[PDB]
Structures are given as C-alpha cells and as structure tokens.
Amino acid sequence: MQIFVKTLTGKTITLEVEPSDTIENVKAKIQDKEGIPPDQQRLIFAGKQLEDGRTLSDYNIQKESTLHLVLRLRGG
Amino acid sequence: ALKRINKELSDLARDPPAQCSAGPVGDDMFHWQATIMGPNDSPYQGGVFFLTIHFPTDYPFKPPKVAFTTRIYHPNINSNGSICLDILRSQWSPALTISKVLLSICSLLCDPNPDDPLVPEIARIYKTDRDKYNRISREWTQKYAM
C-alpha cells in the first residue's frame with residue numbers, strides 16, 4: 001500500500017509497504033530510501049510508539065496515513 | 001466547536017507542522033495533543049516531550065488549558081506543567097492556527113530568557129548555578145524523557 005512519512009528535517013515522501021509486513025521490515029525500507037540508519041529512525045503516532053514486532057493491520061493505520069518520524073540523535 | 005475544531009484539522013492533515021507532530025485523538029473533536037524533540041542544542045537532546053490540550057465548551061473564544069505531562073526542569077514551566085504563552089493573553093485570536101502555538105514552545109527552549117517566570121527558583125539556579133542545573137537537566141532526562 002502507500003503511506004506518508006514526515007521527519008523533523010521536513011522531508012516528506014510516500015513509502016511502499018504491504019499491510020502484512022512488520023515494522024521491522026518497513027524500518028529496513030525507509031532507511032534504504034532516505035539512507036538514515038534504523039538506530040536514528042523512530043516511529044510515533046498520537047503519542048504511540050510502534051513496536052518492531054507488529055503488523056500494520058495491528059495498529060489499524062489504514063491507508064493514506066501520516067506517520068511522525070523522529071531522529072534519535074545520540075551524540076556523546 | 002465540531003466545525004471550528006475541524007478547521008485546523010484541515011490545515012493540519014493536508015500539511016502538519018514538521019517541527020512537531022500533532023493530531024486529535026479518535027473522532028472526539030475536543031482533545032488535542034502534540035510532541036517535541038530536543039532541537040539538538042539545549043540540554044535535552046534525544047528527550048521526547050508530550051503535551052496535551054483542552055478546548056473549552058464555549059469555542060476557542062475561551063482560553064484553552066495546557067499542561068506538561070513530562071517533567072521538564074526548564075526555567076519557564078512549573079510543576080503542574082504551567083507553560084507561559086502570551087498567545088493565551090490578549091494575543092488570543094478566536095481563530096488562531098494552533099500550529100503557531102506549538103512553534104512558540106519550540107523556540108522557547110531554543111531561545112529562553114530567564115527573567116520573572118512562574119519558576120523563580122529554577123531561574124536563580126540556572127542564572128549562576130549552571131553546573132547544578134546541568135545535573136538536574138540530565139537527571140530529569142532519563143527520568144521521563146527517555
């Protein structure tokens with residue numbers, strides 16, 4: 001299906017993923033898309049963190065949704 | 001209010017603030033929320049903040065209540081999460097784009113001005129006792145931020 005993802009960088013692009021896929025896989029595609037590693041990749045929703053072992057249908061995010069991407073800057 | 005509140009939702013959905021994500025919970029058009037990430041400059045990097053909103057039953061025309069569920073030791077917010085926002089004051093337009101409000105809070109941390117806020121105790125500490133402020137700042141980070 002199709003889904004929108006926006007990060008603090010203001011970058012916004014529609015990603016492609018299956019409704020049966022797992023947040024563990026999408027994380028692999030999003031990083032390959034923008035190039036940002038998973039460690040810095042994060043998924044938020046109405047104050048709800050998405051688990052790695054969860055299916056899209058589980059969160060019932062439906063199609064044409066907007067996910068809030070956040071960058072976990074460690075720097076230490 | 002169902003119509004008015006939906007007004008911001010239109011501009012929010014079509015294009016929500018990048019600096020911070022936000023949206024109403026369920027179909028209940030009354031409770032709004034948002035989030036903010038460490039701008040990567042102040043002592044709170046990687047610290048995610050969450051703040052809830054409460055619209056009045058008399059339409060935005062009435063000052064909305066806001067609080068901070070997260071324990072932030074910033075010299076501008078009390079314990080009850082009392083955020084100082086001039087917007088609420090006379091600068092409250094019965095039809096303002098809450099989008100600007102969120103940003104106001106973002107710039108607040110990226111540009112504070114310790115003076116006479118609702119937390120004079122934290123002001124003094126931050127004033128000269130910076131060493132300590134840093135201790136609590138980092139201690140209050142893992143506490144709830146992380």
# chains A, B, ... in the order shown; residues from 1 in each chain; ligands from 1
call {"tool": "select_by_dssp", "arguments": {"residues": "chain A", "states": "alpha helix (DSSP H)", "output": "ChimeraX atom specification"}}
result
/A:23-34,56-59
call {"tool": "write_last_selection", "arguments": {"atoms": "N, CA, C and O atoms", "output": "CSV table (one decimal), in the first residue's frame"}}
result
chain,number,residue,atom,x,y,z
A,23,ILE,N,6.8,-3.7,11.3
A,23,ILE,CA,7.6,-2.5,11.5
A,23,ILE,C,9.0,-2.8,11.4
A,23,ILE,O,9.9,-1.9,11.2
A,24,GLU,N,9.4,-4.1,11.5
A,24,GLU,CA,10.8,-4.5,11.5
A,24,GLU,C,11.3,-4.4,10.0
A,24,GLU,O,12.5,-4.2,9.8
A,25,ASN,N,10.4,-4.6,9.1
A,25,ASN,CA,10.8,-4.6,7.7
A,25,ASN,C,10.7,-3.2,7.1
A,25,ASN,O,11.7,-2.7,6.5
A,26,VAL,N,9.6,-2.5,7.4
A,26,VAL,CA,9.5,-1.1,6.9
A,26,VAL,C,10.7,-0.3,7.3
A,26,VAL,O,11.1,0.6,6.6
A,27,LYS,N,11.2,-0.6,8.5
A,27,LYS,CA,12.4,0.2,9.0
A,27,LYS,C,13.6,0.0,8.1
A,27,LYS,O,14.4,0.8,8.0
A,28,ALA,N,13.6,-1.2,7.4
A,28,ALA,CA,14.7,-1.5,6.5
A,28,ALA,C,14.5,-0.8,5.2
A,28,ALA,O,15.5,-0.5,4.5
A,29,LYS,N,13.3,-0.6,4.8
A,29,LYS,CA,13.0,0.1,3.5
A,29,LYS,C,13.2,1.6,3.7
A,29,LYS,O,13.8,2.3,2.8
A,30,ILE,N,12.6,2.2,4.8
A,30,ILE,CA,12.7,3.6,5.0
A,30,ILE,C,14.2,4.1,5.0
A,30,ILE,O,14.6,5.1,4.5
A,31,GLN,N,15.0,3.3,5.7
A,31,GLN,CA,16.5,3.7,5.8
A,31,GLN,C,17.1,3.6,4.4
A,31,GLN,O,17.9,4.5,4.1
A,32,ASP,N,16.8,2.6,3.7
A,32,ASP,CA,17.4,2.4,2.3
A,32,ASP,C,16.9,3.5,1.4
A,32,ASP,O,17.6,3.9,0.5
A,33,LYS,N,15.7,4.0,1.7
A,33,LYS,CA,15.1,5.1,0.9
A,33,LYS,C,15.9,6.4,1.1
A,33,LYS,O,16.5,7.0,0.2
A,34,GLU,N,15.8,6.9,2.4
A,34,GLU,CA,16.5,8.2,2.7
A,34,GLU,C,18.0,7.9,3.0
A,34,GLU,O,18.8,8.8,2.7
A,56,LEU,N,1.0,-3.7,10.3
A,56,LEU,CA,0.3,-2.5,10.0
A,56,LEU,C,-1.2,-2.7,10.4
A,56,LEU,O,-1.8,-1.8,11.1
A,57,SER,N,-1.8,-3.8,10.0
A,57,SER,CA,-3.2,-4.1,10.3
A,57,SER,C,-3.4,-4.1,11.8
A,57,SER,O,-4.5,-3.8,12.3
A,58,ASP,N,-2.4,-4.4,12.6
A,58,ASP,CA,-2.5,-4.4,14.1
A,58,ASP,C,-2.8,-3.0,14.6
A,58,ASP,O,-3.7,-2.9,15.4
A,59,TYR,N,-2.1,-2.0,14.1
A,59,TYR,CA,-2.2,-0.7,14.5
A,59,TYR,C,-3.4,0.0,13.8
A,59,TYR,O,-3.8,1.1,14.0
call {"tool": "interface_residues", "arguments": {"of": "chain A", "to": "chain B", "cutoff": "12 Å", "atoms": "only C-alpha atoms", "output": "VMD selection string"}}
result
chain A and resid 4 to 12 40 42 to 49 64 to 76
call {"tool": "write_last_selection", "arguments": {"atoms": "N, CA, C and O atoms", "output": "CSV table (one decimal), in the first residue's frame"}}
result
chain,number,residue,atom,x,y,z
A,4,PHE,N,2.5,7.9,4.1
A,4,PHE,CA,3.3,9.1,4.1
A,4,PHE,C,4.2,9.2,5.4
A,4,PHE,O,3.7,8.8,6.5
A,5,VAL,N,5.4,9.7,5.3
A,5,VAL,CA,6.3,9.8,6.4
A,5,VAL,C,7.0,11.1,6.4
A,5,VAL,O,7.6,11.5,5.4
A,6,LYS,N,6.9,11.8,7.5
A,6,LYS,CA,7.5,13.2,7.7
A,6,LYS,C,8.4,13.2,8.9
A,6,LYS,O,8.0,12.8,10.0
A,7,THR,N,9.6,13.7,8.7
A,7,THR,CA,10.6,13.8,9.7
A,7,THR,C,10.8,15.2,10.1
A,7,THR,O,10.3,16.2,9.5
A,8,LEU,N,11.6,15.5,11.2
A,8,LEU,CA,11.9,16.8,11.6
A,8,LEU,C,12.6,17.6,10.5
A,8,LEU,O,12.6,18.8,10.5
A,9,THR,N,13.3,16.9,9.7
A,9,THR,CA,14.1,17.5,8.6
A,9,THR,C,13.1,18.1,7.6
A,9,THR,O,13.5,18.8,6.6
A,10,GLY,N,11.8,17.9,7.8
A,10,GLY,CA,10.8,18.4,6.9
A,10,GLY,C,10.6,17.6,5.7
A,10,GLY,O,9.7,17.8,4.9
A,11,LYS,N,11.5,16.6,5.5
A,11,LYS,CA,11.4,15.7,4.4
A,11,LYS,C,10.1,14.8,4.4
A,11,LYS,O,9.8,14.3,5.5
A,12,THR,N,9.4,14.8,3.3
A,12,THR,CA,8.1,14.0,3.3
A,12,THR,C,8.1,13.3,1.9
A,12,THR,O,8.2,13.9,0.9
A,40,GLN,N,18.7,5.7,14.3
A,40,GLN,CA,18.2,7.1,14.4
A,40,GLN,C,16.7,7.1,13.9
A,40,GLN,O,16.1,8.2,14.1
A,42,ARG,N,12.8,6.4,14.0
A,42,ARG,CA,11.8,6.2,15.0
A,42,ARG,C,10.4,6.4,14.5
A,42,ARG,O,10.2,7.2,13.5
A,43,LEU,N,9.4,5.8,15.0
A,43,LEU,CA,8.0,5.9,14.5
A,43,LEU,C,7.1,6.3,15.7
A,43,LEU,O,7.0,5.5,16.7
A,44,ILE,N,6.4,7.4,15.5
A,44,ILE,CA,5.5,7.9,16.6
A,44,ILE,C,4.1,8.0,16.0
A,44,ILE,O,4.0,8.3,14.8
A,45,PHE,N,3.1,8.0,16.8
A,45,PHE,CA,1.7,8.1,16.3
A,45,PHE,C,0.8,8.5,17.5
A,45,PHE,O,0.6,7.7,18.4
A,46,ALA,N,0.2,9.7,17.5
A,46,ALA,CA,-0.7,10.1,18.5
A,46,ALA,C,-0.1,9.8,19.9
A,46,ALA,O,-0.9,9.6,20.8
A,47,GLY,N,1.2,9.8,20.0
A,47,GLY,CA,1.9,9.5,21.2
A,47,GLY,C,2.0,8.0,21.5
A,47,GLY,O,2.0,7.5,22.6
A,48,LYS,N,2.0,7.2,20.4
A,48,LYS,CA,2.1,5.8,20.5
A,48,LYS,C,3.3,5.3,19.7
A,48,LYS,O,3.4,5.4,18.4
A,49,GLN,N,4.2,4.7,20.4
A,49,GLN,CA,5.4,4.1,19.7
A,49,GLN,C,5.1,2.8,19.1
A,49,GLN,O,4.6,1.9,19.7
A,64,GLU,N,-3.1,5.8,3.2
A,64,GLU,CA,-3.0,7.2,3.1
A,64,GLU,C,-2.9,7.9,4.5
A,64,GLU,O,-3.7,8.8,4.8
A,65,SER,N,-2.0,7.4,5.3
A,65,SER,CA,-1.9,7.9,6.7
A,65,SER,C,-0.6,8.7,6.7
A,65,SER,O,0.3,8.7,5.8
A,66,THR,N,-0.4,9.4,7.8
A,66,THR,CA,0.8,10.3,8.0
A,66,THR,C,1.5,9.9,9.3
A,66,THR,O,1.0,10.1,10.4
A,67,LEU,N,2.7,9.2,9.2
A,67,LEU,CA,3.4,8.8,10.3
A,67,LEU,C,4.4,9.9,10.7
A,67,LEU,O,5.0,10.5,9.9
A,68,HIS,N,4.6,10.0,12.0
A,68,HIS,CA,5.6,11.0,12.5
A,68,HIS,C,6.9,10.4,12.8
A,68,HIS,O,7.1,9.7,13.7
A,69,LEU,N,7.9,10.8,11.9
A,69,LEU,CA,9.2,10.3,12.0
A,69,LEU,C,10.1,11.2,12.9
A,69,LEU,O,10.0,12.4,12.8
A,70,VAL,N,10.9,10.6,13.8
A,70,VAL,CA,11.7,11.4,14.7
A,70,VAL,C,13.1,10.8,14.7
A,70,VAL,O,13.4,9.6,14.5
A,71,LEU,N,14.1,11.8,14.8
A,71,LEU,CA,15.5,11.4,14.7
A,71,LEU,C,16.1,11.3,16.1
A,71,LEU,O,16.1,12.3,16.9
A,72,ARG,N,16.6,10.1,16.5
A,72,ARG,CA,17.2,9.9,17.8
A,72,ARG,C,18.7,10.3,17.8
A,72,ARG,O,19.5,9.4,17.6
A,73,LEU,N,19.0,11.5,17.9
A,73,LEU,CA,20.4,12.0,17.9
A,73,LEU,C,21.1,11.7,19.3
A,73,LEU,O,20.7,12.2,20.3
A,74,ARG,N,22.1,10.8,19.2
A,74,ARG,CA,22.8,10.4,20.5
A,74,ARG,C,23.8,11.4,20.8
A,74,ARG,O,23.7,12.1,21.8
A,75,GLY,N,24.9,11.5,19.9
A,75,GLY,CA,25.9,12.5,20.2
A,75,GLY,C,26.4,12.4,21.6
A,75,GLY,O,25.8,13.0,22.5
A,76,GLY,N,27.6,11.7,21.8
A,76,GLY,CA,28.1,11.6,23.1
A,76,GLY,C,29.6,11.1,23.1
A,76,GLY,O,30.0,10.6,22.0
call {"tool": "atom_distance", "arguments": {"atom1": "atom CA of residue 4 of chain B", "atom2": "atom CA of residue 103 of chain B"}}
result
21.0 Å
call {"tool": "residues_around", "arguments": {"residues": "segment 68-74 of chain B", "least_positions_apart": "4", "cutoff": "12 Å", "atoms": "only C-alpha atoms", "output": "ChimeraX atom specification"}}
result
/A:47 /B:33-36,38,42-44,47-53,78-84,105,108-114,117-126,132-146
